[PDB]
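Only one structure is covered here, and it is reproduced in the block below.
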Ligand SMILES: NC(=O)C1=CN([C@@H]2O[C@H](COP(=O)(O)OP(=O)(O)OC[C@H]3O[C@@H](n4cnc5c(N)ncnc54)[C@H](OP(=O)(O)O)[C@@H]3O)[C@@H](O)[C@H]2O)C=CC1
Ligand SMILES: NC(=O)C1=CN([C@@H]2O[C@H](COP(=O)(O)OP(=O)(O)OC[C@H]3O[C@@H](n4cnc5c(N)ncnc54)[C@H](OP(=O)(O)O)[C@@H]3O)[C@@H](O)[C@H]2O)C=CC1
Ligand SMILES: NC(=O)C1=CN([C@@H]2O[C@H](COP(=O)(O)OP(=O)(O)OC[C@H]3O[C@@H](n4cnc5c(N)ncnc54)[C@H](OP(=O)(O)O)[C@@H]3O)[C@@H](O)[C@H]2O)C=CC1
Ligand SMILES: NC(=O)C1=CN([C@@H]2O[C@H](COP(=O)(O)OP(=O)(O)OC[C@H]3O[C@@H](n4cnc5c(N)ncnc54)[C@H](OP(=O)(O)O)[C@@H]3O)[C@@H](O)[C@H]2O)C=CC1
């Protein structure tokens, strides 16, 4: 009751813990409640003022954060977020998810996450540059290639990463794998831009395969996507590559959907145009008036994709946390949606998830809508970041195939761990699909909890 | 609106800012609103998990904090608090006060403050020792004799300081002035135990002197005190030494008042007995049944001193923040109280302070009740801590007189700065006393704001 | 022939070397030839890029430097010069001079200097803050309160030291005597602003009083000063204070001379008005169109004051290196000047020095021109600077008086040491004044040469 | 402006780069890179220091020490250490400047640096060297590291000397790490490092010869004029002989040693080993005037470079030191029918010589032309395998001799190819004319580095 209310974090915690309860995990390993208690308080958090100069010469204040939540499995590893709503509660939820997502890679990476309430919108390239310079001045001392390795998230693209790296290098006089999402000439890995959205799809391929006994694929499926950022961009491109039709994309202002969802789609070209806007930080709203887009797409301001795509098969929330409500989950089920995986960390509201797992428990095999949590599906990104670290570590640069091969292995291993661990610790009824949320949460939590015990963080 | 609500901090901020507004400060120096904005975001904050072992062998979790709020004037300097209600909001308010209190010493000390929600009650000496060992393991890396110099506060006595020092020494392989409130054989300063409560009194001597033109002193005054800790203990002992009668003391459970407040008092003996209990962490409640105390004192459970001491002249809240309500301030005025200085940081509720300054504005000269804020009156302690640092720095140990001399200088200089700066920037009406809160807040804030400008924290 | 030609350095070196040569020193200490070889190669030098941003958002490149020449007698100590003339040669003469000057103060201080070719002229206060910030981002690692302590020289005042310090604190998370010449409230020392200037005058009191057997002092003396900066200003104000008439200041654009040199003088108010223009980085030329100056003075663009004063008794070169030519020295001689001390570092050319010593060998007693080197007369600045370090390490602030007192003492012993050493090692003919420069050199030099030997820096 | 010391060797290499960038569409397409050109040519950091050390007689001795940390956008600082009485800031700036870009071309993450000292190894006993290296590293190590700056060897700094520095580094830093390259086998070195630079030159030219003749010729049958007789010169020569080429010249700082019959005759590997031995002893090549074996077969030419005394010759490999090919000398090589010339040595050809070889490439179509390849493209093999030492030390393993030779060969193919293809995009040559390797090598190295610098906020 001394503790401040952190609702975004509490959500994250309660889903995880709840899935741990509704399982025979604590019957077999009662001691794990002590591990859950310990792990939930972060190892370390750094908060810090960031003072920076806008183009008009005026002095600006913003709030730096870096949650270093658990380094049992590896160095702290996790993205950076620049968005006006950024607080502790939020970066704590991401840091917490990140712990356990990172475990499912089978690479040695701890959970962390940081960022700022700095808003990159309205801001010049120069203003963003200064801000990164001041942000990295303070963050510099708490991070490092064997300590904590940040990367991007909402608002932190490879460009911001560039400015952050350059300043890290100035300060510490060291060239090392201290950041991921880096550009190719200077310690970047091939596949990293693509890795998150690729990962999601690769994971749903396996969900579909198993759900339908190899009958169906993304081949000719209708796929609603939300957001239009690095995740959703390359999620959409892979759906197309496997013959899927991407029927929707969105931003902060609205969703943009093909008028004929039954048969029409986005194209690599159209996506590349939306990418260009989000380097310049413009909204989708700007390109709906052009000829190519006006005839083909409806643009719905203030509206999310889910309830206006009609019939649809796969759903990939890739914008932000809490962007699929229970109103909106029921609508997807009713539109015959039978696969939903989170591109975005905590994309689904509890209420939505409660409809999805209730449905899976009520309907047999392929008749079920199958939810996969973000820590299982958007793990591709962080997993390649590990490969980036390893590349830097070994002091060489691997080929795109070499990496995409390893990404495929790792997304598959992660589906198989969630699935097997769901059958083992919370066996579904006859003909019912294992809980992918529960098995992923349990598999992640167990590997962590035991490594913490071995090391002495708890007894 | 992303920002979490931190009410203990917001209070601290709003009083300070309000006093800055109700003054011609921002007319003369409008730029200072930018300094107020910058200074209010802390330079750095470290939060960290603390895992420790109780005597029964079981694993325990608690929350470590260290607010490093402003290092403009000097290294971060500020106490450590172990109390169950400890959160960020709270340690931020103390850290914020500490910035500006420290400025009024004229020694080079930044504002900081840290602690834990660790509760020392119910706890063995061994349990406290382990906890300090684990607490200092993490705090070790963020602190140092030229960086940040902690000390005590509620729950952190010289004993806890001992355990913290020993572990700092183990870890960093360094013997330095990294902590204050240290014991004599190992870098302690003479007068430090006594310095805070001594300081308060020394400050009220000057309030009384000026208020009454040197007519009155603590000589035969009735002095209600709250709390029974290191502040209130040596506050009470100095009141007696100057011929004052200490009529009240309190703890968490209740207040303990002499049955005859008009003519009776506590004694150095009786106080030394109450001290012994608070090394062992027992309550006042335990010694009311003995012969000496049963006949002499009434003990009122759950009740604060203020409204049950009858007539009374001086009030010294020395327990904790927000322990004098407006209900309770009016009661003091009505009982002819004409001096109130805060031993405890933010001891008075706004509502109380609003009655006190309203009264001073309504009634002329000595007919006024005169409030002095904690940052002006409990500065004695931190000021000697500086002397402790200097002693360590010069590598020698000064005599008790040498120190008490410097303490006297420094408490007086601080009254004179509050007074002069109140007359200058917010001149009272004719025959009305300067605001000691406003002048102390302004004098503290200005020295800081200008040092920040010079250094480039703002422009 | 691999060595780059560094004219500024090899001068400082040849005058030093020839004075040692033109003495008995090498007869009784031939091993010291080896000491000269070693000392005159700097222990460490740091060169660096300083990328910074102007007010237009435009990228700007400048060259940073730190010359860490000798640390046998203490941590490197030196000022920072921001002037377009800056190269390695200029900093290497200043850094080398500083060795031996610091040796004459009696304090423990090495010989350092640095800066950059960045020119503060043109620049906004914004642009200086920004250069300063980027400047110290690189410098920071190479310095520290026990390692190397920089300060001001030409174009680095307390304003710039402010920006520098504040960045260094932000970078090293440490508050220390890393820079001297700091503001009062953040580790500054009283009498710094005034130190170098007063010191020059104080030194020359002892020169006057010796040469004239105490008959003349600075009262009713006519004094020509060059420069209008820190050294110049406060020397002028001191000469004025001691009954003297200051007939000249100057800057980069021209001299400013009283029309009536025989009877008239500069005033405090006129000096305080120029100082205000130098604070604002303006020229003397700005004010030649005023009541305040038009009638009383005569602006002389692109000349130095020496030839245009005629009636003159003392010359205080206080601007920059080699600002007194062979021809100009003869003018001063011809015009009856008897005393000349370098306020500026290496103020006089070898041609000019030679004339002053040829004259000193040529005329008995007060009838000669006495030349004092900078390393002796301008040592008040660095001496008090070391008393600022002393105060920072004692965590305390000394009085105006206490410092001035130390200053006068230090300067008296500097004169005395120089005088006696010249008397021992290069005894002048009957009646002839001892060589203050040959003395001052052999004095500083032998202390460092011995310190080195002891320490194994040579054998 | 006019405060800066006149640094001739640094300014030379600055100009050859700047001018080659101007003579292309690089600044038409990306005009902003003029800013980067200005930012990059100022060193990031530089460290000068005294080096007090003790001679064999017990006498104190002084020398100047240098480390130039020019650019670190593409990696940590990387480049050798030079012990030569000529050494000064200027020289070491050219070397480090060259390095930024050379490293840019191996495709590995390495920034640019170099250092050394005016210490002169000639006449010093092995004991005196050991002591210097001790003093030298004592100041140096503060500023370097496996992830900070990785020195190595250049002229006057062999594996003997590397070892002294490594052992002192290990003491001082309490660390066994990949802080130096060109190390011994037992202790963190790599196979094919001794060989690397010279092999790397002859692999790069093997490609030049392939392009000019569409695979129809090789080093087979070619006469090859080589200068210097150190690490670069020795193993370049060994690889020529291996590929059926005739090495007709070697040289040193005193003189040149040429075969009497340049047409039909060549050096044997055994003779190269006998010289390589003389240089481990810091003894002059001159000493062979007195062995009948060599006197019969060779001609020593005290005070002459070999370029005008080889008769007709085909390939020229400067492998000694900078500016060792005059305007005059380069003309005579055109006259002899040399059609291939690669700098083994860093900035080995003069501006006169570069200007003559480029003007000639543009005057003559196909294999009539003489083809110049810069230092940064051809000798990149040293630092490429140097860069593989670090990759091996980081992974804590050792690689087979041919694992490294293969990795090397592939990098030189990439480097030749990068230079050719970049030159066609930005400085398209006329029809039938060979693309400018020096231009395309400089452009491609520069743009990688300057793109990285933009990305990292070094300029904007
Ligand atoms: N990049 C990565 O490697 C990984 C990302 N993720 C998660 O995926 C999600 C998106 O990441 P990423 O694509 O990198 O971020 P980007 O900034 O690249 O894109 C963000 C997208 O989400 C939209 N968006 C952001 N915040 C909100 C909001 N509060 N309400 C509505 N729309 C919003 C943005 O709209 P607009 O363009 O208008 O701002 C934009 O379309 C995040 O939750 C992130 O944590 C998870 C794993 C890896
Ligand atoms: N020590 C120092 O140098 C300085 C202290 N202060 C301030 O003075 C105050 C007291 O400090 P200190 O005496 O060192 O602390 P101590 O622990 O020595 O004593 C605390 C006293 O306050 C009582 N108390 C503590 N918390 C509460 C609460 N929440 N409600 C009611 N009573 C409470 C305690 O009762 P119990 O014994 O039952 O716990 C005890 O009587 C604090 O606000 C502190 O910040 C300010 C400047 C310097
Ligand atoms: N400050 C100190 O503590 C000490 C200073 N000194 C020496 O005193 C001299 C000046 O220092 P300081 O007074 O702080 O300098 P300031 O920057 O305070 O002022 C320097 C003055 O000299 C003039 N000046 C500067 N450069 C030149 C030039 N290249 N040609 C002609 N005139 C010039 C300037 O003209 P303008 O204002 O137009 O630029 C300015 O008025 C230096 O030699 C310095 O080493 C020595 C010991 C201590
Ligand atoms: N080490 C490597 O892997 C690399 C080397 N290089 C370049 O190769 C060249 C030599 O390297 P390396 O073989 O290691 O050096 P070595 O010292 O082993 O050999 C250098 C040769 O050059 C001669 N030489 C040295 N200085 C001069 C001079 N001033 N005038 C004429 N001849 C001279 C030497 O003659 P003497 O024996 O009489 O001194 C010696 O025969 C340099 O330009 C270097 O930059 C370039 C890239 C990588």
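Chains as they are written, first to last, in PDB author numbering: chain A, 2 to 460; chain A', 2 to 460; chain B, 2 to 460; chain C, 1 to 460. A prime marks a further copy of an entry chain.
Quick reminder that beta carbons are idealized off the backbone N, C-alpha and C, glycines included.
- Using a Cβ-Cβ cut-off of 8 Å, residue 460 (chain C) is close to 126, 127 and 130 of chain A, given in chain order.
- Scanning the stretch 25 to 86 of chain A from its first residue to its last, the whole alpha helix (DSSP H) runs of 4-plus residues come out as 26 to 29 and 33 to 40.
- Residue range 298 to 302 is occupied by the beta strand (DSSP E) that includes residue 302 (chain B).
- At least one C-beta of chain C is nearer than 8 Å to the C-beta of residue 187 (chain A).
- In terms of CA proximity to residue 311 (chain B), B:330 leads the group B:321, B:296, B:323 and B:330.
- Using a Cβ-Cβ distance cut-off of 8 Å, the stretch 37 to 47 of chain A and the stretch 418 to 434 of chain A are not in contact, since fewer than three pairs of beta carbons, one from each stretch, lie closer than that value.
- Within the same chain, Cβ atoms closer than 6 Å to the Cβ of residue 212 (chain C) are found at 367, the five residues on either side in sequence being excluded.
- Taking 8 Å as the threshold, the shortest C-beta distance from residue 105 (chain C) to chain A does not fall below it.
- If you check the CB distance, residue 433 (chain A) and residue 361 (chain A) come in under 8 Å.
- In the DSSP assignment, residue 205 (chain A) falls within the unbroken alpha helix (DSSP H) covering 193 to 212.
- Look at residue 316 (chain A') here: in three-state DSSP terms it is strand.
- Per DSSP, the beta-bridge partners of residue 371 (chain C) are C:340.
- Judged by their CB atoms, residue 9 (chain A') and residue 131 (chain A') are not nearer to each other than the 8 Å cut-off.
- Here residue 224 (chain A') has 240, 245, 247 and 315 as same chain residues with Cβ atoms under 6 Å from its own Cβ, once five neighbours each way along the sequence are excluded.
- By alpha-carbon distance to residue 122 (chain B), the top candidate from B:92, B:399, B:183 and B:155 is B:155.
- For residue 112 (chain B), no alpha helix (DSSP H) encloses it; the enclosing beta strand (DSSP E) starts and ends at 112 to 117.
- Taking 7 Å as the upper bound on Cβ-Cβ separation, chain A' lies near residues 35, 38, 39, 42, 43, 44, 45, 46, 47, 48, 49, 50 and 52 of the stretch 28 to 58 of chain A.
- Of all residues in the stretch 423 to 450 of chain C, only 448 and 449 place a beta-carbon less than 9 Å from a beta-carbon of chain A.
- In chain order, 147 and 148 make up the part of chain A' whose C-beta sits under 7 Å from the C-beta of residue 175 (chain B).
- Proximity of the beta carbon of residue 253 (chain A') to ligand 2 is indicated: a heavy atom of the ligand is located closer than 7 Å.
- Residue C:66 holds the alpha-carbon nearest to the alpha-carbon of residue 84 (chain C) among C:66, C:442, C:99 and C:198.
- The beta carbon of residue 398 (chain B) sits no closer than 7 Å to any heavy atom of ligand 3.
- Not flagged as an interface residue toward chain A': residue 121 (chain A), since no C-beta distance is shorter than 8 Å.
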